[PDB]
Structures are given as C-alpha cells and as structure tokens.
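Here is how the chains run, residue by residue.
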Amino acid sequence: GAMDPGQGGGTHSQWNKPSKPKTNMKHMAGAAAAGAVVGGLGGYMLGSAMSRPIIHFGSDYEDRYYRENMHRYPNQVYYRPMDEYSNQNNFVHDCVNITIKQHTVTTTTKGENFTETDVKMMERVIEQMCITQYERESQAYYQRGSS
C-alpha cells in the first residue's frame, strides 16, 4: 500500500523448562557366574572375542531370568572362514543354527536343559553374535591384522 515511517523496538521470549529432581535410596543385590563347554563341531572354526552380548526385549522374561544367563552367553561362534562366496548376512544365516544347536545340546548333555523360552531368548542373542564376530574381526584386520 502506501508506506510511512514508524518507531518501535525490543524483543524478548519466554523460557519454560523447569526441573526439580529428588534423591532416592540405593540398594545392591548379588549375582552368579556361569558358562558353557562345547562338545565338538566337526567342520566349523571358532572365532575370537570376549563374552559381551547386549540385547533388550522389553518383555517379562528378560527380567525373570534372562538377565542371569546374559552373563553366561558367549560371543564367539563357529563359522566358515575358508574360501566361500558369502555376503556378510549370508554366513550369519548359516551361523545362527550351528551355534544355537551346539549350545542347546551341550546343556542337555551337561545335566542342564533348554526349553522354548531358552530357544527364543538365545535366538536373539545368537543372531547379532554371529555378525558381531565378523564386524570385530574385520575391524581388527584393517587395523593390525586378524586376532
């Protein structure tokens, strides 16, 4: 439209982010250590790692007992490091079966057992544990060679 001069100024804005924390009591509980022993594989080679599986279920069974076995589950797997044309996920597909089979049968042989619960809770461990072996091996390889 038309244009005319004007005068004004100033700018400000609100700030609404309060926080009021409180302290809480503390407690501590015990835990136990456990592990597994392999009987044999007959055609697969064992890789290098330390036990560190990390899985979250957001379910009842994770707190009920899985938290105790979380520390007993290994990270090393049995796989084909030989000259085989495999994609990263392809050798993992083969790896999950052989790793969970040797773990479930050896507990049964040791006088322990496994149920549907054990299959389900361990499957999620083993899925990532197989790819974790490759990703850590390949990282070591590009740094200082495989170990």
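Residues numbered from 1 in each chain as written, not as in the entry; some residues may be left out. Heavy atoms only, no water.

Going by the header, the method for this PDB entry is solution NMR.

Going by what the PDB entry lists, the chain is known as Major prion protein and is assigned to Homo sapiens. Recorded under Sequence similarities, the UniProt text for the chain is reproduced unchanged: "Belongs to the prion family." (UniProt positions renumbered as here; feature names shortened; annotations may be inferred.)

S.K.: Explanation requested: the packing of aromatic side chains in the structure shown.
M.R.: As enumerated under the stated definition, the model contains six aromatic pairs in all. Here the aromatic rings of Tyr79 and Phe91 are separated by 5.9 Å at their centres, their planes lie at 50 degrees, and the arrangement is tilted. Of the two residues, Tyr79 sits in strand β2 (residues 78–79) while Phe91 sits in helix α2 (residues 88–109), which places them twelve residues apart along the sequence. On the basis of relative accessibility, which here comes to 11%, the residue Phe91 falls in the buried class. Plain terms: the ring middles of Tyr141 and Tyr142 are 5.3 Å apart, the flat faces sit at 85 degrees to each other, and that makes the pair edge-to-face. Of the two residues, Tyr141 and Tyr142, both sit in the exposed class. By the ring-pair criterion, three or more aromatic residues cluster together here, those being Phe57, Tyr61, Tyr66 and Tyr73. Sitting above the plane of the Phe57 ring, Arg124 keeps its charged end 4.9 Å from the centroid. (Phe/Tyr/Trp six-rings, centres within 6.5 Å; stacked < 30°, edge-to-face > 60°. Helix = DSSP H or I, 4+ residues; strand = E, 2+ residues; numbered from the N terminus. Buried < 20%, exposed > 50% of the residue type's maximum accessible area, 1.4 Å probe, protein only. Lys NZ or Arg CZ within 6 Å of the ring centre and 35° of its normal.)

S.K.: Explain the environment of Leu41 to me, please; I cannot follow it from the model alone.
M.R.: Topologically, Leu41 is positioned in the segment before β1 (45–46). With 60 residues separating them in the primary sequence, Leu41 and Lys101 have C-alpha atoms 10.0 Å apart. Not counting chain neighbours up to four residues away, the residues in contact with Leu41 comprise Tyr78, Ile98 and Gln102. (Contact = heavy atoms within 4.5 Å.)

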